[PDB]
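Novice: Here's my sequence, what's the structure:
(10 chains, ligands or ions: 4)
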Amino acid sequence: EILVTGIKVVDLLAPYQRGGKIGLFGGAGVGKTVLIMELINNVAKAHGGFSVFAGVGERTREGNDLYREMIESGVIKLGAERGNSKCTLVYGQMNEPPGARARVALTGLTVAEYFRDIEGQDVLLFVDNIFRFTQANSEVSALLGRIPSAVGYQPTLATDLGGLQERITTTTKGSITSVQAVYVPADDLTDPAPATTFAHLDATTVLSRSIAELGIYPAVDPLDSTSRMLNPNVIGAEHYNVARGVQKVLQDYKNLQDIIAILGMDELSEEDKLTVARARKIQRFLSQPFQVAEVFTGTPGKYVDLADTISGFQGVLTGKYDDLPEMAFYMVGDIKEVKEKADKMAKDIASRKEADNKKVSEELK
Amino acid sequence: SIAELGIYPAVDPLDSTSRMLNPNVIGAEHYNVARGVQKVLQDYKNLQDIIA
Amino acid sequence: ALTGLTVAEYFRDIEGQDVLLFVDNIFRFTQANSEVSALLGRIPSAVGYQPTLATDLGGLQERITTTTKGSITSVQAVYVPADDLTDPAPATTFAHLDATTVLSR
Amino acid sequence: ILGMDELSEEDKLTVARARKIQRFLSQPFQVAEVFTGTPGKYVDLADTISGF
Amino acid sequence: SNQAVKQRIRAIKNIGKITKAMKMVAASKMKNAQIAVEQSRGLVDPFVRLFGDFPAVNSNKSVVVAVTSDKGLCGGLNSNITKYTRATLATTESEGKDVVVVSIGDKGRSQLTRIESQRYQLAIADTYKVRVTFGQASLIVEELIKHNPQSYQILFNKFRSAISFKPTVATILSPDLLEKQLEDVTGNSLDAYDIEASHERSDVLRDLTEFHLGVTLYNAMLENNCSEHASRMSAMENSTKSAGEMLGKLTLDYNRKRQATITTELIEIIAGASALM
Amino acid sequence: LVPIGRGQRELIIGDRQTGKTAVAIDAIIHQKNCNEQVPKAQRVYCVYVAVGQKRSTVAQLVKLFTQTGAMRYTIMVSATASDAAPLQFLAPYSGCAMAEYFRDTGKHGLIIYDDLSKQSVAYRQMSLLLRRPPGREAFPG
Amino acid sequence: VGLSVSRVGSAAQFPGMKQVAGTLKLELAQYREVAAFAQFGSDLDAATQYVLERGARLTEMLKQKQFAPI
Amino acid sequence: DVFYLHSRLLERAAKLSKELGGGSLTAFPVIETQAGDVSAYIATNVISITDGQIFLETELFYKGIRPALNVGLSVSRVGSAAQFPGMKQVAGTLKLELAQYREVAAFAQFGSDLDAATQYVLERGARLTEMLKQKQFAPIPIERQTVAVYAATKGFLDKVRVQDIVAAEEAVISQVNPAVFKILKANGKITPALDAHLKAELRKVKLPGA
Amino acid sequence: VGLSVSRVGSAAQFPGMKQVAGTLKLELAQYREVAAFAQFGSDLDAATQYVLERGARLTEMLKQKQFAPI
Amino acid sequence: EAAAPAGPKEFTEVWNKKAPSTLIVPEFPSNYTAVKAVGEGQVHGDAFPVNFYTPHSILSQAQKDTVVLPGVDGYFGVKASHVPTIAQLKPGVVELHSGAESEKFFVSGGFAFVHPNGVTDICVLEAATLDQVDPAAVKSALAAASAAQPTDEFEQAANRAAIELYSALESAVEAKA
Ligand SMILES: Nc1ncnc2c1ncn2[C@@H]1O[C@H](COP(=O)(O)OP(=O)(O)OP(=O)(O)O)[C@@H](O)[C@H]1O
Ligand SMILES: Nc1ncnc2c1ncn2[C@@H]1O[C@H](COP(=O)(O)OP(=O)(O)O)[C@@H](O)[C@H]1O
Ligand SMILES: [Mg+2]
Ligand SMILES: [Mg+2]
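Specialist: Residues are numbered from 1 along each chain as shown, chains lettered A, B, ... in the order given. Ligands and ions are numbered 1, 2, ... in the order given. Okay, here it is:
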């Protein structure tokens, strides 16, 4: 069953299962904490069950910020009305020794598994940096007297990660929607700890450093994020064909990334310049402002419905918006806001000659 | 890469070597035509850059 | 190199002079200390150098200084392995270098 | 690729100055005068700054 | 793994050598084909001195030719005059008239038969293979006066300098259709000239307008050839800059992979020896 | 283009989420579609070995093979990620021993060792904890 | 298709498919050695244009859905 | 445990609550990179520990732009709310204009063409770049920085040549009367009573040259 | 010729060769700088054609058959 | 009637209406010519500026005082301020005069304009001076031309042009004083 998040690239190219395991793969500064905070902001408010946030090896300032935001927004209540709070925080942050960071994910799993098994609830479980469990086990494993495996991790990486991640399961008596941030250590997806994590998840959202350096946020790699929900028999053929067309245009642009660099766009074919134009439109259109990023970016966040995403990317794929410039697609909500930004981008170049602003005889008012 | 061209047997015509490729052994006709074939193939391999 | 630096240090501390000290191919000092560390059974660091690399260079380079009695100025020939300035031996040598004189053909 | 013909005089005073500057960096050494004939020159710091 | 980046380095290195050779090739071709461009600029002077310069004329038929290039490493020339072709053609077609679009050079037949396709009757190529001659341009002008329009628009890049190429439109009014009408100033301005020809003025104007079309077409393709060479000289400099920048980043990537390779192989050897020793 | 034979070992290799399990699954579904059409001796009995996969994927595959009817000819050997390292090490040998019954009794078998690169990882863990000396990428010799 | 090999080749496939897929194996190889020259588009003698205009049809022919074997 | 080595150290830099005295500790860890590789192990460890980054580019440091702040990569998302107002009033527009300055960055006419309608963003981003250059061992009070970026952003320096904006800044700081600095430092924001007097005192400054 | 060094150098060679190979290594270095122009059809400014013919004959002069030293 | 004032500056406004403001206005060949026909001047005495042009070479842009052109009604001399004319030239010898010195080019046809500002312009297609032409092949060419005469219209027009040009060239090679 689909779980709509309001994120355009997530709902289009790798939709999240309602009771599935979700990975947010990232490389230290690409935005897998901002993305998981936006998923908390968008999903956990529309959810009817309990949330369990497990903080494994992340910043203590982030745990305090999440506690104050959850007290302020009302999902955590203090004192006598504590029973109406809908979130449990379990925090094993990066100031703790590696014994504490190795088992705090198990504490978060236990609190979530009581709500799933005994209470019969549908649970949300957000785990920030499930990599830190693996890193803490590799830290304690050198002193347990083991021979190290590949690049320096413990020999028991796959079985420890499996024994952790197979406890997070939508069973017959309850569901857990798990969103786990995974950290890739040196922007290496071939590192064994994210490469082992890739086989445990129903929907990976691989965030990239280069997409973030283009200014695109959320910096989701469209040709590296996958989901089991992207299947025409579960999400309908229209949504699936739109996602596959967007991926085809982006892959055809990524095939032209070396000719454009060493020769320029003037040597491309006329059919390929249209591919590059539509791909540079759809890769600005995948970006989106977030309600949790509005405090440091200034722009208000945008929640985008699923039909607006499919209807927008249909129009950019078929060629309905070759008129509008590329920056009209950048950091806007839906396909209406593209047209309402290309208006403001052409009022403004006509606003070079509007008036000469002067306020005179004013100093004694 | 030779077998990816469909050429079989996929012998590298340059990287293959023998002690018998010697004009004092196989004759100065065989040796010179083998060296000429390797020369024109190396020339084409150097031209394959500017062709593309 | 410690022998030559001691001969320079007598001219620095006792004579009170501004002595020069030329170390021909400081990379060979690094390589010899790496070989000594490898023969002593120590586990090598990054790309093949000694784990004691920064401190074995710093035990040499910190004695080359100006004191209240005199100075040792050092002109060290620097070889760069595989023309990689991010190799650990030139990158650790460059943290002590106050100047650079490139001679080109 | 073009020559001294298409250089502007604004970009030829730079050539006429940089050529004699890169000449003026050269200097005969005292330790080479035993086989080069010309004597060596010790240049002061103030003389270097003034002469450049 | 670590061999693919070295072969990609070997690819971009001789790509940079190729483009550095091509920049000097195009520069020598620009230097040799500059004196012919300077010589052919003279004969286009007396016809715009005599017949004037009237681009925005209301005609019934107009052959517009866009003088493009043959080989396409020019980098923004043959598309810039396609933009200028449609920009000067939408300006001068609001009379319900017919327009014939021609291209000299086969990098214009690839860019003009999709934007104005049904009005594209003629495609000329191979005009720069040996050289540009006046008999060649006169034959091209003869196939232009196969049909008889009232105007001849010539779109080409004027070789202003090795840096600047101003795209220039040049117009030739066919004699009795537009030239005898577009010169009337209380009588005419051509009646100040005493015609010293064999037959009447209606035929010496015909010969003069065909010769003016041939002259400015020859000069147009010569100017466009020199602008092709001077734009290729800059596009190959940009390609050397880009394939030196890409090579400089890929060298650092190879060095990081090389360092990580010796580190991981050494760590494997130490981990093997520490299980036994 | 890559025509299989009935006793041939064919490696499906690729990156993650490139359709390898899809090719093996469609092979099993096509053996179900062909087993109801051939006379009793060209019938193909599939055996799917799921090494290191999670249990939701194996349950989804069992649901697929039952809702298409392919489970009548299919055995599934499932050593998941929660299982021990010798169980995932031994599950391709268990699946091959279960599939050798059809090979030795005149029938025709089809065996899919899904994620053989996870059985190698389980074997690496199992041998490293037995203090055998590691080799290339700390694998056994 | 340039890297997927099988040892058997013939004598292990459908005899009807063996007559048809040789002209597929050859013409996809014709398509692959041309498509590395797809930055210019000179369309040499309408032959390099034709072989890609058949090879694109062959690669689009070879696509199929999931969980639906033929 | 080399991540644990730096996380132990850097988690002790905090802002304590009101029942713990209310004190604070601010860390400035320094990590040196090799050839600008910030995807290294220790670099990405301390990036995933600290709150923001100050990327100092090696290309801008040799082009005279000192401090060589990589404005596209360096963020600070915790002290973004802890900014001096007034500097928050002008510096958001400053960062937006330097953002749209990097849409024509090093291909003004270097690559193919120049527009001459976006000549203004180039000849204004050069002024905003030369405004932020600052010599060593001379830190500026924040009330004299917000006035300098006010003069650089509101348009009081566009007729100054790019070679003398560093002299124009010190001329603005010297010639504007020091009452506006005390008012902006005490009020903590450019009030609507203050921007009129600031635009008054900014139109009677003798910008040298031009 | 570009990657072969001799640190003893010209101080330990034939003086008849020392005056003639000194021009040879400079001509070969000039031929190596221009060696990308050699496979071009449009002939260059005839200063690079001179070195591209001279060095291409000098590299043919350094050829030698096996087991017959001179 | 002059009710439609076409021109370069009238093209600019219609180009600013119908073509977008992304592109600068295209150039015109009248922007590169400093000398016009009706804009008075250029005589300043007894000399007057000549412009002897071929498509491949500019032969003279100096200032002469006498120009002898081979018009189709015969030769005629152009002095300082001639009447404005458009003279079709036949094959003949163009003679430039700077005083005691003279340049005698034999042309192949073309035109010659005299403009109301006293400038003149000689527009030929091939102008070989008389030492570059040999007197041995002109008689061979006329004998190969005036003998074989096809009655087809195109070949007989080519033959008439041949005998006219070769007769003028034969009468021009021995008529040097
Ligand atoms: N023929 C096909 N048509 C359409 N989609 C397909 C096809 N084959 C595979 N897919 C899609 O590709 C995705 C990956 O499929 P599959 O699980 O077979 O790959 P995998 O390599 O086994 O993945 P993993 O490495 O995670 O095990 C699936 O979501 C599936 O929907
Ligand atoms: N959606 C977004 N909008 C704006 N900025 C973002 C967004 N996502 C990430 N960023 C920027 O990238 C950085 C990512 O930090 P963080 O969320 O902690 O990611 P990580 O946990 O991977 O380091 C933040 O400093 C923020 O400035
Ligand atoms: Mg984080
Ligand atoms: Mg699989």
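
Novice: tell me the contacts of the residue nearest to residue A:119 when sequence neighbours are not counted?
Specialist: Excluding its sequence neighbours, the residue lying closest to residue A:119 (CB to CB, 6 or more residues apart in numbering or on different chains) is residue A:174, at 7.4 Å. Every residue, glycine included, has its C-beta placed from N, CA and C. The neighbours of residue A:174, taking CB atoms under 8 Å, 6 or more residues apart in numbering or on different chains as the test, are A:115, A:116, A:117, A:119, A:120, A:121, A:122, A:123.

Novice: Residue nearest the middle of chain J, spatially speaking?
Specialist: Computing the C-alpha centroid of chain J and ranking residues by CA atoms, centre = their mean puts residue J:123 first, at 2.1 Å.

Novice: Against chain F, how distant is that one?
Specialist: Spatial separation of residue J:123 from chain F under the definition CB to the nearest CB, to the nearest Å is 69 Å.

Novice: Now that residue: phi and psi?
Specialist: Backbone dihedrals for residue J:123, given as degrees, to the nearest 10, come out at phi -120, psi 90.

Novice: what's across from it in the sheet?
Specialist: Beta-bridge partners recorded for residue J:123 (DSSP bridges): residue J:53, residue J:111.

Novice: give me every residue that touches it.
Specialist: Contacts were defined as CB under 8 Å, 6+ apart; by that measure residue J:123 touches E:43, E:46, E:47, E:211, E:215, J:53, J:110, J:111, J:112, J:113.

Novice: now swap in residue F:41 and tell me
Specialist: Residue F:41 sits next to F:106, F:107, F:108 when contact means CB under 8 Å, 6+ apart.

Novice: So which of these are in helices?
Specialist: Using DSSP state H, the subset of the contacts of residue F:41 located in helices is empty.

Novice: Just put these in JSON lines and tack on neighbour count and distance to chain H.
Specialist: Converted to JSON lines, the contacts of residue F:41 look like this (neighbours: other CB atoms under 10 Å in any protein chain shown; distance: CB to the nearest CB, whole Å):
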{"residue": "F:106", "neighbour count": "7", "distance to chain H": "58"}
{"residue": "F:107", "neighbour count": "14", "distance to chain H": "54"}
{"residue": "F:108", "neighbour count": "16", "distance to chain H": "51"}
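
Novice: Would you tell me whether the longest helix seen in chain G gets close to chain B?
Specialist: Determined from DSSP H, the single longest helix within chain G is helix G:15-32. Yes. When contact is scored as CB under 8 Å from any CB of the partner chain, part of helix G:15-32 falls within range of chain B: G:26, G:29.

Novice: Can you name the helix or strand that residue E:103 falls in?
Specialist: Assigned by DSSP states H and E, residue E:103 belongs to strand E:98-104.

Novice: Extract the CA atoms of that strand and return them as PDB.
Specialist: Taking only C-alpha atoms (Å, rounded to 0.1, in the frame of the first residue of the first chain), the coordinates of strand E:98-104 have been written out as PDB:
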ATOM      1  CA  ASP E  98       5.500  33.300 -50.200                       C
ATOM      2  CA  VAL E  99       9.000  32.700 -48.700                       C
ATOM      3  CA  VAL E 100      11.700  30.300 -50.000                       C
ATOM      4  CA  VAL E 101      14.400  29.300 -47.400                       C
ATOM      5  CA  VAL E 102      17.700  28.100 -48.800                       C
ATOM      6  CA  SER E 103      20.800  27.000 -46.900                       C
ATOM      7  CA  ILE E 104      24.400  26.900 -48.100                       C
END
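
Novice: which other residues reach stretch J:18-38?
Specialist: For stretch J:18-38, the surrounding residues in contact (CB under 8 Å, 6+ apart) are E:41, E:44-45, E:48-50, E:52-53, E:55, E:83-84, E:87-88, E:90-91, E:94, E:158, E:166-170, E:189, E:216, J:8, J:11-12, J:15-16, J:42, J:49, J:115-117, J:119.

Novice: Any residue of stretch E:128-135 touching chain I?
Specialist: No. Counting by CB under 8 Å from any CB, no contacts exist between stretch E:128-135 and chain I, the nearest distance being 11.4 Å.

Novice: Contacts for that stretch, please.
Specialist: Residues from elsewhere that reach stretch E:128-135 (CB under 8 Å, 6+ apart): E:36, E:69-70, E:105, E:214, E:218, E:221-222, E:225, E:228, J:55-56, J:125.

Novice: among these, who's most crowded?
Specialist: Neighbours were tallied for each of these (criterion: other CB atoms under 10 Å in any protein chain shown), and the maximum of 32 neighbours falls on residue E:228.

Novice: Chain neighbours aside, what residue packs nearest to the residue of chain G found nearest chain H?
Specialist: Sorted by distance to chain H under CB to the nearest CB, the residues of chain G start with residue G:39, at 17.9 Å. Excluding the flanking residues, the one nearest residue G:39 by CB to CB, 6+ apart is residue A:259, at 5.3 Å.

Novice: Please export the C-alpha coordinates of the top helix by length along chain F as PDB.
Specialist: Counting residues, the longest helix found in chain F (DSSP H) is helix F:85-104. Provided in PDB are the C-alpha atoms of helix F:85-104 (Å, rounded to 0.1, in the frame of the first residue of the first chain):
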ATOM      1  CA  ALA F  85      25.900 -17.400   9.100                       C
ATOM      2  CA  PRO F  86      26.200 -21.300   8.700                       C
ATOM      3  CA  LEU F  87      22.500 -21.400   7.700                       C
ATOM      4  CA  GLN F  88      23.000 -19.000   4.900                       C
ATOM      5  CA  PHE F  89      26.300 -20.700   4.000                       C
ATOM      6  CA  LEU F  90      24.600 -24.000   3.800                       C
ATOM      7  CA  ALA F  91      21.300 -23.000   2.100                       C
ATOM      8  CA  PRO F  92      22.600 -23.200  -1.500                       C
ATOM      9  CA  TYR F  93      23.900 -26.700  -0.700                       C
ATOM     10  CA  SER F  94      20.500 -27.600   0.800                       C
ATOM     11  CA  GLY F  95      18.700 -26.300  -2.300                       C
ATOM     12  CA  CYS F  96      21.100 -28.100  -4.600                       C
ATOM     13  CA  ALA F  97      20.600 -31.400  -2.600                       C
ATOM     14  CA  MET F  98      16.800 -30.900  -2.800                       C
ATOM     15  CA  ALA F  99      17.100 -30.200  -6.600                       C
ATOM     16  CA  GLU F 100      19.400 -33.200  -7.200                       C
ATOM     17  CA  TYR F 101      16.600 -35.500  -6.400                       C
ATOM     18  CA  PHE F 102      14.900 -34.500  -9.700                       C
ATOM     19  CA  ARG F 103      18.200 -34.700 -11.500                       C
ATOM     20  CA  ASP F 104      18.900 -38.200 -10.200                       C
END
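
Novice: Strands along the chain, start to end?
Specialist: No chain was given, so I picked chain A. If DSSP state E is used as the criterion, the strands of chain A fall at A:2-3, A:16-17, A:21-26, A:50-56, A:87-92, A:122-128, A:175-183, A:203-206, A:226-227.

Novice: nope, chain J
Specialist: With DSSP E as the definition, chain J shows strands at residue ranges J:48-49, J:52-53, J:58-60, J:63-64, J:66-71, J:74-78, J:85-88, J:92-97, J:102-107, J:111-114, J:120-123, J:127-129.
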